[PDB]
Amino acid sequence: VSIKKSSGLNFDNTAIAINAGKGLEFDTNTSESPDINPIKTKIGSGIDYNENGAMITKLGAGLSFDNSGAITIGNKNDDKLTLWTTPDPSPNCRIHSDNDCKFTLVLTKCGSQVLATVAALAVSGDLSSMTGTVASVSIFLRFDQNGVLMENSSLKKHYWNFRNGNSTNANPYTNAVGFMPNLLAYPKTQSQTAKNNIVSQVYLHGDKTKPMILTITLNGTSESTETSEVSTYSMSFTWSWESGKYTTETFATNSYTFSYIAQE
């Protein structure tokens, strides 16, 4: 028996056998091993086996296959690079009384930063009924060390979750630290550090004659320190204006875009 060792064949005690090297190996966990030890590919990270025994790239969060079977950015329904209240939230927030507001917030992770958009809409009355001697509105979000929404927030927990189409995951998320405001950039503190805020002039109902100041706070003064409810990450949105004004108006803001350094 003459073999061509120059092409993957060799001996083992004068017994012919295919000399497999890289990317190749023998399936040890065969029903007939060592007798029947079929040769197969040696895979690792990023690759997996199809139900049909075919090798495929194992895709994770953020990726998916297109039509030609190529890998593209984007997710097949489930999307964990987006944390939100859903694009069209039912009353889900409290400003002065329970469920008096529809709060909209979409956090999209873009690596070291989070791109966000926000909008609020009262659904129980005019400003005068939600403020008192106050000429401001405040919506706050407190998160534990895992990025999980805490009870002492203005937003109801049920529909604050990762994206799933135009809705959210049926199951509550357990970790979103990648969406939290970076603690080195925005430390926890009682002192209002300029860098912790994003301050702009906005307009009630988009009306130029009805200006307001929107102040967004990352950690810092928006952190909860109450006994038993100390938050690690936090973020609040405050709208202020000249006392006496808009008393009869209905609180309704225009969508607002902003971004911040992420914790990880």
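One rule holds for the numbers: they count along the sequence shown, beginning at 1.
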Look up the CA B-factors in the entry and say which stretch, 134-142 or 103-111, has the higher mean.
134-142
Look over 183-191 and 122-130 in the entry and identify the one with the greater average Cα temperature factor.
122-130
In terms of recorded Cα temperature factor, pick the maximum from 224, 196, 29, 200.
29
Candidate residues 228, 50, 209, 215, the one whose C-alpha B factor the record puts highest:
50
Pull the Cα B-factor of residue 85 out of the PDB entry and bin it into the chain's lowest, middle or highest third.
lowest
Assert third(CA B-factor, residue 7) within chain per record equals highest
CA B-factor ranking of residue 247, expressed as a third of its chain:
middle
What third of its chain's C-alpha B-factors does residue 117 belong to: lowest, middle or highest?
lowest
Third of the chain, ranked by Cα B-factor, where residue 178 sits
lowest
